[PDB]
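For reference, positions follow the sequence shown, starting with 1. Values below: all heavy atoms of this structure, side chains included; hydrogens, waters and symmetry mates excluded.
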Amino acid sequence: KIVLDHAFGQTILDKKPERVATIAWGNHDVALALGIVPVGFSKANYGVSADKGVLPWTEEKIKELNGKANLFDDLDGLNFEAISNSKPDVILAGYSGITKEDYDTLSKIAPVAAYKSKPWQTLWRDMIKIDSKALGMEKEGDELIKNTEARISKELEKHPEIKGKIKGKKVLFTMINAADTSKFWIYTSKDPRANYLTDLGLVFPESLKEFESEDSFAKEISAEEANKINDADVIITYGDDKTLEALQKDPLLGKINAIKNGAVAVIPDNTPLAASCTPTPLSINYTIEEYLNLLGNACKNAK
Ligand SMILES: [Cl-]
């Protein structure tokens with residue numbers, strides 16, 4: 001008997017689930033990484049064409065398991081009918097943004113593995129621990145974590161010049177709308193994409209604590225208040241070819257130390273690399289070298 005404790009109470013599984021459905025980001029990759037092809041998982045809403053709806057590392061693993069991708073058409077929100085049609089024995093939502101009502105509705109379909117605290121606030125190691133336990137594979141989950149950690153360490157050790165360059169650099173992950181720079185998003189330390197950076201040797205600036213009290217996974221702040229993040233050595237943001245220059249020319253954002261120094265890592269918007277920034281055991285293997293190279297080049301400019 002599997003007992004799960006999460007934000008909405010307790011989920012009981014009578015035995016290891018035969019059929020596995022997942023929702024939201026990343027969860028399907030934990031299953032796949034453990035050798036399980038989901039009977040259904042959320043269509044990728046970012047990093048790849050909706051026509052395709054599945055990220056390259058996920059696709060690759062599915063093929064390696066001789067399986068096929070069954071996607072829930074749920075770009076606009078949870079598709080309860082589709083989930084129900086997959087006839088699951090468990091629904092992995094260890095990393096997700098489900099509400100009480102969502103949890104109650106899903107639970108009528110099958111036992112739900114929900115997040116521990118607040119929506120979208122599950123780090124990658126915790127994602128594995130929650131999801132792997134719900135699969136009745138807790139031990140395999142621990143092993144998967146150690147193996148993923150070793151993959152990370154291997155890339156860092158293998159490239160000392162990148163490792164030394166980013167080590168101890170104070171970093172913030174942000175989302176900046178090029179069309180409106182009067183405000184932007186900063187991701188909190190409880191967001192997996194912000195926390196992953198610490199696995200790579202970077203650290204959070206002092207100013208991040210100021211967001212410890214934020215209830216959400218990210219906080220939108222005014223450019224008039226951007227001085228707050230002058231303590232970051234390097235800044236990471238989604239964007240494109242024009243992003244850095246537009247930022248450096250911005251009358252308010254251009255004054256920020258890291259931006260002024262050109263210490264900004266621009267992740268190509270809506271690409272696999274962008275999507276990988278919320279890491280999974282599969283995405284890391286696939287993208288870490290590429291990611292480290294972008295991070296290393298940006299940290300080069302930290303003064
Ligand atoms: Cl190197």
- request: Would you check if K1 and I12 make a side-chain contact, meaning some heavy-atom pair closer than 4.5 Å?
  value: yes
- prompt: Roughly how far, to the nearest 0.5 Å, is the CG atom of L123 from the NZ atom of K129?
  reply: 9.0 Å
Test salt bridge (charged side-chain N to carboxylate O under 4.0 Å, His left out) applied to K219 and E210, step by step: CA-CA 11 Å; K219 169 92 172 187; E210 303 175 13; over 6 Å; no
message: For a ring pair (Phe, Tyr, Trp, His ring centres under 6.0 Å) check, start with the C-alpha distance between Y238 and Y46, then their side-chain angles and the critical distance, and finish with the verdict.
response: CA-CA 12 Å; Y238 304 113; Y46 182 72; 5.8 Å; yes
- request: Before giving the answer on salt bridge (charged side-chain N to carboxylate O under 4.0 Å, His left out), spell out for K118 and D215 the whole-Å C-alpha distance, their side-chain angles and the decisive distance to 0.1 Å.
  value: CA-CA 8 Å; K118 293 153 183 176; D215 283 338; 3.7 Å; yes
- prompt: Within the distance-only criterion (no hydrogens, no angle test), does the side chain of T174 pair as donor or acceptor with the backbone N or O of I186 below 3.5 angstrom?
  reply: no
- prompt: Given the rule in the side chain to side chain donor-acceptor pair (under 3.5 Å) test, do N227 and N230 qualify, once you have shown the distances and angles that lead to the verdict?
  reply: CA-CA 5 Å; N227 170 65; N230 259 341; 3.0 Å; yes
field: Smallest separation among heavy atoms of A194 and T188, with atom names
entry: CB-O, 3.2 Å
message: Could you check, using the six-membered ring where one of them is a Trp, whether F217 and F211 have ring centers closer than 6.0 angstrom?
response: no
Close side-chain approach of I288 to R151, heavy-atom, < 4.5 Å: yes
message: If you compare all heavy atoms of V30 against all heavy atoms of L144, which two are closest, and at what distance to 0.1 Å?
response: O-CD2, 4.4 Å
task: Give the intermediate values and the outcome of salt bridge (charged side-chain N to carboxylate O under 4.0 Å, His left out) for residues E59 and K52.
output: CA-CA 10 Å; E59 184 183 16; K52 197 166 190 56; 3.5 Å; yes
More than 12 heavy atoms of other groups within 6.0 Å of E161 CD: no
- prompt: Is any side-chain heavy atom of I256 closer than 4.5 Å to a side-chain heavy atom of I229?
  reply: yes
statement: Interatomic distance, OH@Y115 vs CG@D131, rounded to 0.5 Å, equals 14.0 Å
- prompt: Should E214 and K190 be marked as a salt bridge (charged side-chain N to carboxylate O under 4.0 Å, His left out) after you check the CA-CA gap, both sets of side-chain angles, and the distance that decides it?
  reply: CA-CA 10 Å; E214 173 53 46; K190 302 193 190 70; over 6 Å; no
query: Where do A134 and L4 come nearest, in terms of heavy atoms and distance?
result: CB-CD1, 3.8 Å
message: Any non-hydrogen side-chain atom of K146 less than 4.5 Å from a side-chain atom of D142?
response: yes
Donor-acceptor side-chain pairing of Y103 and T11 below 3.5 angstrom: yes
- prompt: Side chains of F204 and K209: does their closest heavy-atom pair fall under 4.5 Å?
  reply: no
query: Within a reach of under 6.0 Å around NZ of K228, are more than 12 heavy atoms found that belong to other residues, nucleotides or ligands?
result: yes
statement: Here the gap from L78 atom CG to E101 atom CD, rounded to the nearest 0.5 Å, amounts to 10.5 Å
message: Atom CD of residue position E64 - does it have more than 12 heavy atoms of other residues, nucleotides or ligands inside 6.0 Å?
response: yes
- prompt: About how many Å separate NZ of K169 and CG of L197, when rounded to the nearest 0.5 Å?
  reply: 14.0 Å
field: Donor-acceptor side-chain pairing of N45 and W25 below 3.5 angstrom
entry: yes
task: Check the side chains of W124 and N195 for a donor-acceptor pair under 3.5 angstrom, ignoring hydrogens and angles.
output: no
Taking only distance into account, with no hydrogens and no angle test, what donor-acceptor pairs under 3.5 Å do side-chain atoms of residues 66-75 form with protein atoms, sequence neighbours excluded?
| from | atom 1 | to | atom 2 | distance (Å) |
| --- | --- | --- | --- | --- |
| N70 | ND2 | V39 | O | 2.4 |
| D73 | OD1 | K43 | NZ | 3.2 |
| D74 | OD2 | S42 | OG | 2.8 |

statement: Heavy atoms of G26 and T280 approach each other most closely as CA-CG2, 3.7 Å
message: If only side-chain N and O atoms count, and only distance matters, is there a donor-acceptor pair under 3.5 Å linking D29 with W57?
response: yes
- request: Return the minimal non-hydrogen interatomic distance between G168 and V203, and the atom names on each side.
  value: O-CG2, 3.6 Å
- prompt: What distance separates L273 CG from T287 OG1, expressed to the nearest 0.5 Å?
  reply: 6.0 Å
- line: So CD1 of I267 and CD1 of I236: to nearest 0.5 Å the spacing works out to 6.0 Å
message: Within the structure provided, determine whether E157 and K163 are in side-chain contact (heavy-atom separation under 4.5 Å).
response: yes
- request: State yes or no: are the ring centers of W120 and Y95 separated by less than 6.0 Å?
  value: yes
- prompt: What are the two closest non-hydrogen atoms of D233 and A258, and how far apart are they?
  reply: O-CB, 3.6 Å
- prompt: Does any donor atom in the side chain of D102 or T99 lie under 3.5 Å from an acceptor atom in the other side chain?
  reply: yes
task: Indicate if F184 and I259 have the same hydrophobic cluster label, given that clusters are the connected sets of ILVMFWY residues with side-chain heavy-atom separations under 4.5 angstrom.
output: yes
